[PDB]
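Taking the form deposited in one PDB entry, here's one chain by itself in structure tokens.
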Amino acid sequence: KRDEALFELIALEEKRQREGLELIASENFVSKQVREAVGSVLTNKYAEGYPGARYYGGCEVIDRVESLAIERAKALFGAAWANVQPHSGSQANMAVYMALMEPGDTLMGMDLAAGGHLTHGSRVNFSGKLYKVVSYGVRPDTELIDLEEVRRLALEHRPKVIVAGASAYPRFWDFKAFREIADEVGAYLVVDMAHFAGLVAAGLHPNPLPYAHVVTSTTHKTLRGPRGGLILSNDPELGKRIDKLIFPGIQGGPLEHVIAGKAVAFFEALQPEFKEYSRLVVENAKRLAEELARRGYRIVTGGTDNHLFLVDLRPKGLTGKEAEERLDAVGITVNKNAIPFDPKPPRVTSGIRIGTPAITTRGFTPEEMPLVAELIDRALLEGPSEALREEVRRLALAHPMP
């Protein structure tokens, strides 16, 4: 018997995605071929271990699939080693921390309120539970990272691992300087490029590979692949230690169907069209932030160098939670986000985060940003309304989905 109830819900979700403007910076729309691989029979095989070194037999074809994903990842990012088995970005980070540190050691990452991710040292996350955390933020004036403040914190606290990269920082990272700082205290530099991995692949964002000891990432987000994790390094000796932490360290069997999807995603990222897409992603982000600033909205750091930006809603008397709800009411999805030196608690926040990778995949161009900017503005000032919801629907439907 077919589970009609469940499939009816899947159809409702397709409709929602098609009829709205998805502006959550961490989302995107995978291609049909990525889905074809993820929904393949590769899920019926237990492949504990690594290619050529599996626990069980019958992995001759799976080994070629995994190997292909590994080599393409290496080729795509210019890395000497890769591990494509992490179930997620969080497991990728977990593995790296456990390979380089012992519980109790000191970890240094970006403060959550300044843009850091939960896995960069939050007390409610494994990172802040097993390790002593020291965070760095951004300057109160420019809202940019001050490298001398980072240097100071490193010398004072002597972290074993320093993490660069974030989930809500809209400017470029100076990886060379972060490596110099880590070298000053004998720490490992770990770059979590999950958010900008696609831009790095397209050559539109500095590559951390040569400067970081280890690089982690998600395969979804700007890389536009399936949901999963990835770990890279220019040092294969360090890589061997990390492989051991992924399995048998923290995971059991890998999701080989997902890994097949990663291989397809890397193949897609290697095509010239991916660079054109990535360029448009950034152009859309700059133009959209610009149009919102023209309407009186304050953009953190005054703009963006990547695919995302933050809007400070304090001057407008709106909390991030309220903005998110008013936009969601009309089909525009974003997520409330804390801003630097946010006076309000994380459950409420004073701003919203916006990203363009998803709408750019749907074919939106910089010339359409002024229109998107107008819908956001009205939803926030005039609030939800049927006429507004319809205008959003029509705009969305005029753009296809992969």
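In case it trips you up, residue 1 is the first one in the sequence shown, and so on. Take the two forms, superpose them, and find the largest set of C-alpha atoms that agree within 1.5 Å; that set is the rigid core.
311-319 and 180-188 differ in mean CA B-factor, and the higher of the two is recorded for 311-319. Just going by the entry, 211-219 versus 234-242 on mean CA temperature factor gives the higher value to 234-242.
Of the candidates 74, 257, 195, 298, the PDB record gives 298 the highest C-alpha temperature factor. As recorded in the PDB entry, 342 shows the highest C-alpha B-factor of the residues 66, 367, 342, 36.
Sorting the modelled residues of the chain by their CA temperature factor places residue 275 in the highest third. Ranked against the other modelled residues of its chain, the C-alpha B-factor of residue 338 as given in the entry falls in the highest third.
Sort the chain's modelled residues by C-alpha temperature factor and residue 58 lands in the highest third, per the entry. Compared with the other modelled residues of the chain, the Cα B-factor recorded for residue 12 ranks in the middle third. Per the deposited record, the Cα B-factor of residue 27 falls in the lowest third when ranked against the other modelled residues of its chain.
Absent from the display: the form deposited in another entry. The rest refers to it.
Shift analysis on the rigid core between the shown form and the other one singles out 346 from 39, 346, 52, 58 (C-alpha displacement of 2 Å or more). Core-aligned CA deviation for residue 314 between the shown form and the other one: 2 Å or greater.
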